Amino acid sequence: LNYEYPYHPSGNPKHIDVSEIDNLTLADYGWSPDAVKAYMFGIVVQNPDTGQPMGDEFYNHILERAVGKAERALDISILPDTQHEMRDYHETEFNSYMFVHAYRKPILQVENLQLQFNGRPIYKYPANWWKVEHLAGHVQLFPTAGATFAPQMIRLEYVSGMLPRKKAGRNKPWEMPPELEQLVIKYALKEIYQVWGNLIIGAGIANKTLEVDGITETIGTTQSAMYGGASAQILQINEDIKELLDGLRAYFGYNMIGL
Amino acid sequence: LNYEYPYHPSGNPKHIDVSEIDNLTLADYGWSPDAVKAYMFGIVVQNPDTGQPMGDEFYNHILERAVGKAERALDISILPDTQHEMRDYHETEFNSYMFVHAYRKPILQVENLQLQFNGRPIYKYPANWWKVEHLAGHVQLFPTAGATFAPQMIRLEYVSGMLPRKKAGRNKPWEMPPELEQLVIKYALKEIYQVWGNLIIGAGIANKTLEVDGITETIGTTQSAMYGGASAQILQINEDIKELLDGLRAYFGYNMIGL
Amino acid sequence: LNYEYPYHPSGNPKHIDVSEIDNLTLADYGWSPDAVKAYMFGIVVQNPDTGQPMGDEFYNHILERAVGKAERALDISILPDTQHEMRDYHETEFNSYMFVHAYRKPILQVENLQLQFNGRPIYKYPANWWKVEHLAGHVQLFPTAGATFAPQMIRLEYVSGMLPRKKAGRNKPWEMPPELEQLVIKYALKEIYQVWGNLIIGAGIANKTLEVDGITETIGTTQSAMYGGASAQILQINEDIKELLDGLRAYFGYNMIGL
Amino acid sequence: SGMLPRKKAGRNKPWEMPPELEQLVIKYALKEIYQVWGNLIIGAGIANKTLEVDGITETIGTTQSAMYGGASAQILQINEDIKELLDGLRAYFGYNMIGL
Amino acid sequence: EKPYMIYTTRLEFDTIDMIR
């Protein structure tokens with residue numbers, strides 16, 4: 001076997017280069033204003049004072065915040081980032097093959113793992129000992145060869161995140177599931193409909209009738225004293241979000257810790 | 001007996017060639033824009049400002065996400081893919097004829113199975129020992145002849161997925177049920193109805209009346225301040241989805257694990 | 001006695017030839033577009049853009065999926081198919097006259113039954129020992145003369161399915177009950193009504209009035225902001241389905257297994 | 001197995017069909033025939049109509065509605081009759097039982 | 001391969017009821 005040092009092919013296979021984590025963008029996951037506009041096919045949002053359509057700056061803003069919302073509704077790291085963690089010694093888990101659970105998941109790869117004292121490395125574990133479970137967020141060692149806890153004894157560096165899926169309809173455990181993309185889209189869309197709902201009619205109008213010289217024109221709009229212009233669409237989007245979240249909260253497990 | 005090496009006719013019969021997993025497509029399973037449009041016979045989805053019909057790219061996108069949703073509502077792998085797993089040693093299950101449960105099911109076939117240490121094969125099990133239960137996702141060995149667990153001792157490679165069924169109205173355990181196709185169609189159709197429900201009528205109009213020179217028209221639409229234009233169809237589709245999911249969650253079993 | 005070898009007249013009487021399972025078709029069970037149209041007597045479904053009636057391809061598609069739904073709402077095999085099963089040794093049931101429950105029921109006939117080791121037949125049981133209970137799905141042997149389980153010791157081949165009934169108003173245990181036909185019809189019809197409900201009026205119209213020169217025409221349709229055009233018919237069909245399913249879930253028993 | 005048609009009016013031997021089971025089967029058929037007929041009483045999918053032409057005016061409200069089909073009432077009454085008949089017949093035939 | 005990402009109904013009088 002030959003490999004780039006930390007990336008032992010069995011225990012810690014390389015999945016991404018540290019150059020690419022700066023090159024990946026939201027558009028590479030398909031989160032783009034064009035996608036949102038596709039879900040709003042046949043609708044246009046424009047300023048009634050000017051006819052100017054809504055700018056892509058707002059779409060990208062909403063998309064980035066929707067990504068943040070998805071990364072907090074589920075205890076996951078969506079976008080690749082380098083994580084550096086100082087983790088505590090606990091006797092039970094240290095005896096359990098040096099078990100540590102990462103704060104962020106999935107693990108793309110582990111970059112460093114050391115036992116240290118005041119920042120001095122006390123031991124550097126050979127990379128061929130590292131065992132990684134990517135979707136779980138678990139790291140262990142399987143060596144080839146006065147208190148129950150102590151703070152910040154373990155130094156761990158790794159890359160968390162998800163890669164864009166390689167094939168249609170499929171994902172590896174380190175690849176973003178196709179439906180989490182749609183969840184993020186639904187979160188963005190729920191904001192865009194709240195903006196659009198103000199502009200279907202003049203402000204605050206539920207009904208109008210206008211008549212001149214016996215020509216009569218009359219509108220009842222979807223606005224009402226209770227419900228906003230986009231109420232129904234938002235309710236449907238919330239139902240879809242609920243189904244998607246149930247599915248994804250079955251894919252990622254329940255959090256647990258041993259005291 | 002003669003066979004291609006890993007595919008012993010009794011314990012691990014070959015069901016697909018590894019060349020075909022690249023060639024299979026959504027269309028081979030009957031997921032196509034035309035199969036959606038058939039369920040909306042007599043409707044067209046059309047931009048009221050231009051008369052252009054919606055492009056099939058959106059249909060394909062929605063179908064691929066609907067397949068992802070179906071693969072998460074049920075703990076299954078629909079489309080064929082090659083899975084590579086490193087699985088933990090557990091003493092009870094290892095003693096139980098080397099029982100391992102695959103993360104993904106059904107198994108189309110097992111490709112490799114080895115016991116290893118730092119990537120070195122410690123033993124390679126003869127293919128004539130492999131016992132596979134395809135729909136369950138179970139693999140066992142029936143040999144012809146200091147701790148309760150250890151990480152990633154077992155190396156397992158297999159193909160998960162389903163094949164398109166060979167006969168009308170029938171499926172083998174490795175073949176897709178006819179009703180799961182309809183489930184994926186219904187998931188796509190729910191989104192297409194959400195799009196179309198905005199365009200049947202002028203946006204945000206619940207009632208209109210026009211009177212001009214002795215011609216009078218009044219229209220009440222299915223849109224309302226509470227309900228969107230396609231509410232009824234979506235509700236019925238949700239009922240159908242619920243029935244289908246109950247049936248399929250009876251076909252696949254309840255998940256269980258021994259702690 | 002003389003018989004074709006596997007089909008001992010007492011224990012495993014022949015009910016179908018293996019040539020016929022390829023010749024039987026959905027139309028032979030009376031599932032045909034004409035039957036659906038008979039239940040929709042006095043209605044026609046046609047594309048308003050062209051006046052073309054709906055094609056029989058769609059009816060046959062819906063019928064085949066409705067058959068799949070019926071085969072999953074009940075744990076039954078409707079259409080004849082050859083099943084090959086590898087079944088586990090369990091000590092209690094093996095001692096209980098070699099009891100095995102087939103995965104699919106009814107049994108039309110058993111084709112092979114052997115005890116084997118790595119695909120080698122260890123013993124071939126004489127056909128005069130085979131005892132079959134067709135509707136239950138049970139097979140037993142009544143011979144004329146280090147662990148509690150082992151995987152895939154029993155090799156069983158049989159034909160599952162149901163034959164079309166020979167007489168009006170009657171069925172043998174291997175013949176399809178007359179009302180399961182009507183259940184499959186009701187499932188198809190529930191889809192056809194959902195298609196038809198879009199075409200009774202122009203899209204999204206609940207009310208219209210049109211007046212010209214003092215001629216007045218006015219419609220209230222069965223569409224509404226909540227309920228679709230075919231709501232009532234679907235509700236009635238669901239009631240009928242519920243009664244039929246209760247009856248058939250009394251005919252087939254509750255599933256049970258001994259741990 | 002089976003039943004013979006009864007030999008006297010109003011009476012059945014234990015091997016003869018009860019008169020009320022005939023009515024039960026009739027009611028089951030009739031429920032389907034009413035489902036068919038309930039689509040045809042009126043133009044399909046019409047709940048209200050009004051027409052005014054040259055001083056002739058007609059308005060009709062039908063039993064069809066966005067909730068209920070045209071034959072809803074008859075079907076409901078037939079379901080009540082079926083329920084009574086089934087209670088009676090499930091008193092005539094007993095509860096099933098087996099010794100394990 | 002690659003993931004896909006970006007009538008007739010007539011009103012008429014009942015003439016028999018008109019005769020009545």
# chains A, B, ... in the order shown; residues from 1 in each chain; ligands from 1
>>> closest_atom_pairs(of="chain B", to="chain A", cutoff="8 Å", atoms="only C-alpha atoms", output="CSV")
residue,atom,partner,partner_atom,distance
B:46,CA,A:42,CA,7.7
B:47,CA,A:42,CA,4.9
B:48,CA,A:42,CA,6.8
B:49,CA,A:42,CA,7.5
B:58,CA,A:38,CA,7.5
B:64,CA,A:169,CA,5.5
B:65,CA,A:178,CA,5.7
B:66,CA,A:179,CA,7.9
B:67,CA,A:169,CA,6.3
B:68,CA,A:178,CA,5.6
B:69,CA,A:179,CA,6.0
B:72,CA,A:247,CA,5.3
B:73,CA,A:247,CA,5.6
B:79,CA,A:169,CA,7.1
B:81,CA,A:170,CA,7.6
B:118,CA,A:128,CA,6.6
B:119,CA,A:10,CA,5.8
B:150,CA,A:142,CA,7.9
B:151,CA,A:142,CA,7.2
B:152,CA,A:131,CA,7.5
B:194,CA,A:233,CA,8.0
B:195,CA,A:39,CA,6.9
B:198,CA,A:42,CA,7.9
B:199,CA,A:42,CA,6.8
B:203,CA,A:200,CA,6.8
B:204,CA,A:222,CA,5.1
B:205,CA,A:221,CA,4.5
B:206,CA,A:221,CA,5.0
B:207,CA,A:220,CA,4.6
B:208,CA,A:219,CA,4.9
B:209,CA,A:218,CA,5.1
B:210,CA,A:217,CA,4.9
B:211,CA,A:216,CA,5.1
B:212,CA,A:215,CA,5.3
B:213,CA,A:215,CA,7.2
B:223,CA,A:222,CA,7.4
B:224,CA,A:222,CA,5.5
B:225,CA,A:222,CA,4.2
B:226,CA,A:232,CA,5.8
B:227,CA,A:232,CA,5.3
B:228,CA,A:232,CA,5.2
>>> calpha_fit_and_write(fixed="chain C", moving="chain B", output="short mmCIF file (atom, residue, chain, number, x, y, z; two decimals) with C-alpha atoms, in the first residue's frame")
data_model
loop_
_atom_site.label_atom_id
_atom_site.label_comp_id
_atom_site.auth_asym_id
_atom_site.auth_seq_id
_atom_site.Cartn_x
_atom_site.Cartn_y
_atom_site.Cartn_z
CA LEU B 1 -52.47 -45.19 -7.63
CA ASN B 2 -50.67 -43.49 -10.51
CA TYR B 3 -49.81 -39.81 -10.76
CA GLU B 4 -47.27 -37.38 -12.10
CA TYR B 5 -44.43 -37.91 -9.67
CA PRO B 6 -44.47 -34.98 -7.21
CA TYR B 7 -48.26 -34.62 -7.24
CA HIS B 8 -49.41 -37.37 -4.91
CA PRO B 9 -53.24 -37.22 -5.05
CA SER B 10 -53.71 -37.02 -1.27
CA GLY B 11 -50.86 -34.88 0.01
CA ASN B 12 -49.99 -32.66 -2.96
CA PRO B 13 -52.67 -32.85 -5.68
CA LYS B 14 -51.85 -31.10 -8.94
CA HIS B 15 -53.95 -27.97 -9.50
CA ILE B 16 -52.09 -26.26 -12.37
CA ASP B 17 -49.60 -27.15 -15.08
CA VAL B 18 -46.35 -25.19 -15.17
CA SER B 19 -47.10 -24.34 -18.80
CA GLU B 20 -50.22 -22.37 -17.85
CA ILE B 21 -48.46 -19.98 -15.44
CA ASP B 22 -46.97 -18.29 -18.51
CA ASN B 23 -50.31 -18.15 -20.33
CA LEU B 24 -52.60 -16.77 -17.61
CA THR B 25 -53.41 -13.07 -17.88
CA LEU B 26 -55.16 -10.34 -15.91
CA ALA B 27 -58.08 -10.70 -18.33
CA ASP B 28 -58.65 -14.31 -17.28
CA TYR B 29 -59.39 -13.03 -13.77
CA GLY B 30 -61.94 -10.55 -15.13
CA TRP B 31 -59.68 -7.50 -14.76
CA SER B 32 -60.15 -5.60 -18.03
CA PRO B 33 -60.72 -1.94 -18.94
CA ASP B 34 -64.28 -2.86 -19.91
CA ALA B 35 -64.91 -4.31 -16.45
CA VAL B 36 -63.88 -0.94 -15.03
CA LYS B 37 -65.97 1.04 -17.51
CA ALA B 38 -69.03 -1.01 -16.57
CA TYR B 39 -68.86 0.51 -13.07
CA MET B 40 -68.93 4.00 -14.66
CA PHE B 41 -71.80 3.24 -17.04
CA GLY B 42 -72.96 6.53 -18.53
CA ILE B 43 -69.67 8.40 -18.02
CA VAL B 44 -66.84 8.99 -20.48
CA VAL B 45 -63.37 10.30 -19.57
CA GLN B 46 -62.46 12.76 -22.25
CA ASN B 47 -59.82 15.45 -22.76
CA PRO B 48 -61.74 18.77 -22.89
CA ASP B 49 -59.22 20.28 -25.33
CA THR B 50 -59.50 17.47 -27.92
CA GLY B 51 -62.47 15.20 -27.16
CA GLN B 52 -60.19 12.16 -27.29
CA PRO B 53 -61.09 9.37 -24.84
CA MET B 54 -58.43 8.14 -22.44
CA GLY B 55 -56.45 5.23 -23.83
CA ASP B 56 -56.80 1.71 -22.47
CA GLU B 57 -53.05 1.61 -21.79
CA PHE B 58 -53.70 3.74 -18.71
CA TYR B 59 -56.44 1.36 -17.59
CA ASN B 60 -54.11 -1.64 -17.87
CA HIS B 61 -51.34 0.21 -16.03
CA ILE B 62 -53.71 1.17 -13.21
CA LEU B 63 -55.05 -2.38 -13.00
CA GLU B 64 -51.57 -3.87 -12.68
CA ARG B 65 -50.76 -1.46 -9.86
CA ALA B 66 -54.11 -2.11 -8.18
CA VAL B 67 -53.27 -5.82 -8.17
CA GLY B 68 -49.95 -4.98 -6.53
CA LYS B 69 -51.78 -2.93 -3.91
CA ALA B 70 -54.21 -5.76 -3.22
CA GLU B 71 -51.27 -8.17 -2.87
CA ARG B 72 -49.83 -5.87 -0.17
CA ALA B 73 -52.98 -4.93 1.75
CA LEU B 74 -53.32 -8.68 2.26
CA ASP B 75 -50.30 -10.92 2.77
CA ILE B 76 -51.06 -13.03 -0.30
CA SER B 77 -49.89 -13.95 -3.79
CA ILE B 78 -52.74 -13.47 -6.26
CA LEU B 79 -51.22 -14.18 -9.69
CA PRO B 80 -49.48 -17.57 -10.16
CA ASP B 81 -45.69 -17.55 -9.90
CA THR B 82 -42.92 -20.04 -9.18
CA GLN B 83 -41.27 -19.44 -5.79
CA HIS B 84 -37.87 -20.82 -4.76
CA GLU B 85 -37.06 -20.55 -1.04
CA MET B 86 -34.09 -21.50 1.13
CA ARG B 87 -35.45 -21.88 4.67
CA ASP B 88 -33.69 -22.13 8.03
CA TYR B 89 -33.53 -25.12 10.32
CA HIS B 90 -35.28 -24.50 13.64
CA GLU B 91 -35.25 -27.34 16.14
CA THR B 92 -38.78 -26.94 17.53
CA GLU B 93 -40.46 -26.73 14.13
CA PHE B 94 -38.22 -29.39 12.62
CA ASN B 95 -39.29 -31.72 15.43
CA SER B 96 -42.91 -30.65 14.79
CA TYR B 97 -43.19 -32.92 11.73
CA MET B 98 -40.75 -30.72 9.79
CA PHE B 99 -43.16 -27.79 9.89
CA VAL B 100 -42.36 -24.96 7.48
CA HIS B 101 -44.50 -21.92 6.71
CA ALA B 102 -44.13 -20.62 3.17
CA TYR B 103 -43.46 -16.92 2.72
CA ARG B 104 -46.20 -16.74 0.05
CA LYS B 105 -49.69 -18.22 0.11
CA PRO B 106 -51.87 -19.95 -1.11
CA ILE B 107 -49.82 -22.93 -2.28
CA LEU B 108 -51.09 -24.24 -5.60
CA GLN B 109 -48.65 -27.15 -5.46
CA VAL B 110 -45.21 -28.08 -4.16
CA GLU B 111 -42.60 -28.71 -6.86
CA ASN B 112 -39.55 -29.80 -4.86
CA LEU B 113 -38.52 -30.26 -1.24
CA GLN B 114 -35.03 -31.30 -0.16
CA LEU B 115 -32.57 -31.11 2.71
CA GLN B 116 -29.20 -29.97 1.43
CA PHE B 117 -25.70 -28.87 2.37
CA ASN B 118 -23.78 -26.46 0.13
CA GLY B 119 -26.27 -27.34 -2.61
CA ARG B 120 -25.65 -31.08 -2.33
CA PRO B 121 -28.88 -32.99 -1.57
CA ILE B 122 -28.38 -34.70 1.77
CA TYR B 123 -31.80 -36.31 1.51
CA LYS B 124 -34.71 -36.14 -0.94
CA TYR B 125 -38.03 -36.66 0.81
CA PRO B 126 -40.43 -39.05 -0.97
CA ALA B 127 -43.37 -37.18 -2.48
CA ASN B 128 -45.78 -39.54 -0.72
CA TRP B 129 -44.60 -38.02 2.59
CA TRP B 130 -45.50 -34.44 1.62
CA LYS B 131 -48.51 -32.94 3.41
CA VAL B 132 -49.78 -29.61 2.07
CA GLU B 133 -52.40 -27.21 3.44
CA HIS B 134 -53.01 -24.88 0.54
CA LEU B 135 -54.80 -21.82 1.91
CA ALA B 136 -52.77 -21.79 5.13
CA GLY B 137 -49.42 -22.04 3.36
CA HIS B 138 -48.18 -24.91 5.52
CA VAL B 139 -46.02 -27.87 4.51
CA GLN B 140 -45.20 -30.87 6.70
CA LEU B 141 -43.76 -34.37 6.43
CA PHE B 142 -45.43 -37.49 7.83
CA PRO B 143 -42.89 -40.25 7.14
CA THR B 144 -44.19 -43.62 5.99
CA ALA B 145 -40.90 -45.45 6.63
CA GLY B 146 -25.08 -28.44 18.67
CA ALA B 147 -27.21 -25.36 18.03
CA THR B 148 -30.92 -24.60 18.02
CA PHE B 149 -30.91 -23.21 14.46
CA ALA B 150 -28.88 -23.33 11.27
CA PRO B 151 -29.26 -21.22 8.10
CA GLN B 152 -30.83 -22.30 4.83
CA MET B 153 -30.83 -26.02 5.53
CA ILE B 154 -34.19 -26.62 3.79
CA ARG B 155 -34.67 -26.17 0.04
CA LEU B 156 -38.32 -25.60 -0.92
CA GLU B 157 -39.75 -24.98 -4.40
CA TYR B 158 -43.46 -24.37 -4.94
CA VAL B 159 -46.04 -22.47 -6.98
CA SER B 160 -47.97 -19.77 -5.15
CA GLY B 161 -51.06 -18.00 -6.44
CA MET B 162 -54.78 -18.43 -7.05
CA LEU B 163 -56.69 -19.89 -9.98
CA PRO B 164 -59.80 -18.21 -11.43
CA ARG B 165 -62.90 -19.76 -9.88
CA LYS B 166 -64.64 -22.51 -11.81
CA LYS B 167 -68.24 -21.87 -10.67
CA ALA B 168 -70.35 -18.79 -10.07
CA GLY B 169 -70.49 -17.63 -6.47
CA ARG B 170 -68.09 -20.34 -5.27
CA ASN B 171 -64.37 -20.77 -4.77
CA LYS B 172 -62.13 -23.59 -3.65
CA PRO B 173 -59.37 -22.65 -1.17
CA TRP B 174 -56.96 -22.33 -4.12
CA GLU B 175 -59.46 -20.25 -6.14
CA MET B 176 -59.85 -16.49 -6.03
CA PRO B 177 -62.81 -15.23 -3.93
CA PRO B 178 -65.31 -13.27 -6.05
CA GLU B 179 -65.03 -10.27 -3.72
CA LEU B 180 -61.26 -9.91 -4.17
CA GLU B 181 -61.88 -9.22 -7.85
CA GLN B 182 -64.25 -6.45 -6.79
CA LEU B 183 -61.61 -5.11 -4.38
CA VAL B 184 -59.06 -4.81 -7.19
CA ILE B 185 -61.69 -3.18 -9.40
CA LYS B 186 -62.48 -0.66 -6.67
CA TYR B 187 -58.78 0.17 -6.27
CA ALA B 188 -58.48 0.89 -9.99
CA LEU B 189 -61.75 2.81 -10.01
CA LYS B 190 -60.58 5.13 -7.23
CA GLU B 191 -57.71 6.27 -9.46
CA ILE B 192 -59.90 6.65 -12.53
CA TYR B 193 -62.27 8.81 -10.49
CA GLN B 194 -59.33 10.93 -9.35
CA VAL B 195 -58.42 11.55 -12.99
CA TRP B 196 -61.99 12.21 -14.13
CA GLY B 197 -62.73 14.58 -11.24
CA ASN B 198 -60.43 17.18 -12.81
CA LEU B 199 -62.20 17.25 -16.18
CA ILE B 200 -65.94 17.54 -15.45
CA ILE B 201 -65.59 21.34 -15.40
CA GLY B 202 -63.12 24.02 -16.40
CA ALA B 203 -60.05 23.57 -14.23
CA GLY B 204 -60.25 25.37 -10.91
CA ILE B 205 -63.81 26.69 -11.36
CA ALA B 206 -66.25 26.41 -8.44
CA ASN B 207 -68.95 28.79 -9.72
CA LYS B 208 -69.69 30.38 -13.08
CA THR B 209 -72.26 32.87 -14.30
CA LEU B 210 -72.62 34.22 -17.83
CA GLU B 211 -75.14 36.78 -19.11
CA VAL B 212 -75.19 37.75 -22.79
CA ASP B 213 -77.95 39.53 -24.73
CA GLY B 214 -80.82 38.26 -22.60
CA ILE B 215 -79.48 34.72 -22.15
CA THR B 216 -78.30 33.95 -18.62
CA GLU B 217 -76.69 30.81 -17.22
CA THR B 218 -75.46 30.03 -13.71
CA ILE B 219 -73.81 26.76 -12.69
CA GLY B 220 -72.67 25.51 -9.31
CA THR B 221 -70.32 22.55 -9.55
CA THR B 222 -69.42 19.84 -7.06
CA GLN B 223 -65.87 21.23 -7.12
CA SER B 224 -65.02 23.49 -4.21
CA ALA B 225 -62.02 25.01 -2.47
CA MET B 226 -62.07 22.06 -0.05
CA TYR B 227 -63.43 19.12 -2.08
CA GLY B 228 -62.64 17.83 -5.54
CA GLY B 229 -65.30 16.96 -8.06
CA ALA B 230 -65.13 13.21 -7.37
CA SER B 231 -64.84 13.44 -3.56
CA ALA B 232 -68.21 11.76 -2.97
CA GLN B 233 -67.57 8.74 -5.19
CA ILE B 234 -64.10 8.25 -3.73
CA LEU B 235 -65.49 8.36 -0.19
CA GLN B 236 -68.10 5.73 -1.02
CA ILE B 237 -65.47 3.56 -2.71
CA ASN B 238 -63.30 3.85 0.40
CA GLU B 239 -66.21 2.62 2.50
CA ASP B 240 -66.70 -0.36 0.18
CA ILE B 241 -62.96 -1.09 0.29
CA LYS B 242 -63.03 -1.01 4.09
CA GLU B 243 -65.88 -3.53 4.24
CA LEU B 244 -64.18 -5.81 1.71
CA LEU B 245 -60.85 -5.66 3.52
CA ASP B 246 -62.46 -6.51 6.86
CA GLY B 247 -64.09 -9.53 5.24
CA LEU B 248 -60.92 -10.71 3.52
CA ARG B 249 -58.82 -10.22 6.66
CA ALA B 250 -61.34 -12.51 8.32
CA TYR B 251 -60.94 -15.09 5.53
CA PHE B 252 -57.15 -15.07 5.74
CA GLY B 253 -56.03 -15.28 9.36
CA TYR B 254 -53.82 -13.24 11.65
CA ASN B 255 -50.12 -13.83 11.15
CA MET B 256 -48.26 -15.38 14.08
CA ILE B 257 -44.80 -16.77 14.79
CA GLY B 258 -43.20 -18.56 17.71
CA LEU B 259 -40.01 -16.94 18.97
#
>>> interface_residues(of="chain D", to="chain C", cutoff="7 Å", atoms="only C-alpha atoms", output="PDB file with N, CA, C and O atoms, in the first residue's frame")
ATOM      1  N   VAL D  36     -74.142   3.480  -8.956  1.00  0.00           N
ATOM      2  CA  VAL D  36     -74.119   3.765 -10.390  1.00  0.00           C
ATOM      3  C   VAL D  36     -75.132   4.854 -10.723  1.00  0.00           C
ATOM      4  O   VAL D  36     -74.800   5.874 -11.335  1.00  0.00           O
ATOM      5  N   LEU D  40     -76.080   9.679 -12.592  1.00  0.00           N
ATOM      6  CA  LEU D  40     -76.777   9.932 -13.842  1.00  0.00           C
ATOM      7  C   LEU D  40     -78.053  10.745 -13.684  1.00  0.00           C
ATOM      8  O   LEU D  40     -78.610  11.183 -14.694  1.00  0.00           O
ATOM      9  N   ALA D  44     -73.340  15.597 -15.087  1.00  0.00           N
ATOM     10  CA  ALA D  44     -72.237  15.194 -14.227  1.00  0.00           C
ATOM     11  C   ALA D  44     -71.561  16.396 -13.582  1.00  0.00           C
ATOM     12  O   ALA D  44     -71.175  17.349 -14.264  1.00  0.00           O
ATOM     13  N   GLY D  45     -71.424  16.347 -12.261  1.00  0.00           N
ATOM     14  CA  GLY D  45     -70.738  17.406 -11.551  1.00  0.00           C
ATOM     15  C   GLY D  45     -71.494  18.702 -11.393  1.00  0.00           C
ATOM     16  O   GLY D  45     -70.869  19.728 -11.124  1.00  0.00           O
ATOM     17  N   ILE D  46     -72.813  18.699 -11.569  1.00  0.00           N
ATOM     18  CA  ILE D  46     -73.637  19.888 -11.377  1.00  0.00           C
ATOM     19  C   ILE D  46     -74.343  19.792 -10.035  1.00  0.00           C
ATOM     20  O   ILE D  46     -75.000  18.789  -9.737  1.00  0.00           O
ATOM     21  N   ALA D  47     -74.204  20.842  -9.226  1.00  0.00           N
ATOM     22  CA  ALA D  47     -74.902  20.982  -7.956  1.00  0.00           C
ATOM     23  C   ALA D  47     -76.039  21.987  -8.006  1.00  0.00           C
ATOM     24  O   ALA D  47     -76.992  21.859  -7.238  1.00  0.00           O
ATOM     25  N   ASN D  48     -75.928  23.016  -8.840  1.00  0.00           N
ATOM     26  CA  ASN D  48     -76.992  23.983  -9.051  1.00  0.00           C
ATOM     27  C   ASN D  48     -76.983  24.399 -10.511  1.00  0.00           C
ATOM     28  O   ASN D  48     -75.927  24.468 -11.140  1.00  0.00           O
ATOM     29  N   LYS D  49     -78.166  24.678 -11.046  1.00  0.00           N
ATOM     30  CA  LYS D  49     -78.286  25.224 -12.387  1.00  0.00           C
ATOM     31  C   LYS D  49     -79.380  26.276 -12.395  1.00  0.00           C
ATOM     32  O   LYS D  49     -80.382  26.155 -11.691  1.00  0.00           O
ATOM     33  N   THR D  50     -79.173  27.315 -13.196  1.00  0.00           N
ATOM     34  CA  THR D  50     -80.211  28.289 -13.489  1.00  0.00           C
ATOM     35  C   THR D  50     -80.097  28.657 -14.957  1.00  0.00           C
ATOM     36  O   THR D  50     -78.995  28.855 -15.469  1.00  0.00           O
ATOM     37  N   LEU D  51     -81.240  28.733 -15.631  1.00  0.00           N
ATOM     38  CA  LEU D  51     -81.291  29.142 -17.025  1.00  0.00           C
ATOM     39  C   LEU D  51     -82.431  30.127 -17.207  1.00  0.00           C
ATOM     40  O   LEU D  51     -83.540  29.884 -16.726  1.00  0.00           O
ATOM     41  N   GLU D  52     -82.160  31.232 -17.898  1.00  0.00           N
ATOM     42  CA  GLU D  52     -83.166  32.238 -18.214  1.00  0.00           C
ATOM     43  C   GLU D  52     -83.050  32.571 -19.689  1.00  0.00           C
ATOM     44  O   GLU D  52     -81.985  32.994 -20.146  1.00  0.00           O
ATOM     45  N   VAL D  53     -84.137  32.380 -20.432  1.00  0.00           N
ATOM     46  CA  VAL D  53     -84.154  32.606 -21.873  1.00  0.00           C
ATOM     47  C   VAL D  53     -85.518  33.172 -22.237  1.00  0.00           C
ATOM     48  O   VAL D  53     -86.539  32.511 -22.032  1.00  0.00           O
ATOM     49  N   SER D  65     -73.987  17.370  -4.226  1.00  0.00           N
ATOM     50  CA  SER D  65     -73.296  18.474  -3.582  1.00  0.00           C
ATOM     51  C   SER D  65     -71.814  18.144  -3.534  1.00  0.00           C
ATOM     52  O   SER D  65     -71.398  17.012  -3.786  1.00  0.00           O
ATOM     53  N   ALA D  66     -71.018  19.162  -3.208  1.00  0.00           N
ATOM     54  CA  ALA D  66     -69.572  18.993  -3.147  1.00  0.00           C
ATOM     55  C   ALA D  66     -69.149  17.964  -2.106  1.00  0.00           C
ATOM     56  O   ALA D  66     -68.075  17.369  -2.232  1.00  0.00           O
ATOM     57  N   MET D  67     -69.963  17.740  -1.077  1.00  0.00           N
ATOM     58  CA  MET D  67     -69.717  16.666  -0.123  1.00  0.00           C
ATOM     59  C   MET D  67     -70.399  15.356  -0.510  1.00  0.00           C
ATOM     60  O   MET D  67     -69.746  14.310  -0.549  1.00  0.00           O
ATOM     61  N   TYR D  68     -71.698  15.391  -0.797  1.00  0.00           N
ATOM     62  CA  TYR D  68     -72.528  14.195  -0.894  1.00  0.00           C
ATOM     63  C   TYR D  68     -72.945  13.912  -2.329  1.00  0.00           C
ATOM     64  O   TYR D  68     -73.300  14.825  -3.078  1.00  0.00           O
ATOM     65  N   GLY D  69     -72.900  12.634  -2.695  1.00  0.00           N
ATOM     66  CA  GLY D  69     -73.391  12.205  -3.983  1.00  0.00           C
ATOM     67  C   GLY D  69     -74.900  12.074  -4.007  1.00  0.00           C
ATOM     68  O   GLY D  69     -75.568  12.051  -2.976  1.00  0.00           O
TER      69      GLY D  69
END
>>> select_by_dssp(residues="segment 18-222 of chain C", states="helix (DSSP H, G or I)", output="number ranges by chain")
C: 20-22, 26-29, 33-39, 56-73, 91-95, 127-129, 178-196
>>> closest_atom_pairs(of="chain E", to="chain D", cutoff="9 Å", atoms="only C-alpha atoms", output="tab-separated table")
residue	atom	partner	partner_atom	distance
E:9	CA	D:43	CA	6.7
E:10	CA	D:43	CA	7.7
E:11	CA	D:51	CA	7.0
E:12	CA	D:51	CA	7.5
E:13	CA	D:58	CA	6.9
E:14	CA	D:58	CA	8.8
>>> interface_residues(of="chain E", to="chain A", cutoff="7 Å", atoms="only C-alpha atoms", output="CSV table (one decimal) with C-alpha atoms, in the first residue's frame")
chain,number,residue,atom,x,y,z
E,1,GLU,CA,-26.2,9.6,-15.2
E,2,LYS,CA,-25.5,13.0,-13.6
E,3,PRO,CA,-28.0,14.2,-11.0
E,4,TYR,CA,-30.9,16.1,-12.5
E,5,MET,CA,-30.7,19.6,-11.0
E,6,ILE,CA,-31.3,23.1,-12.3
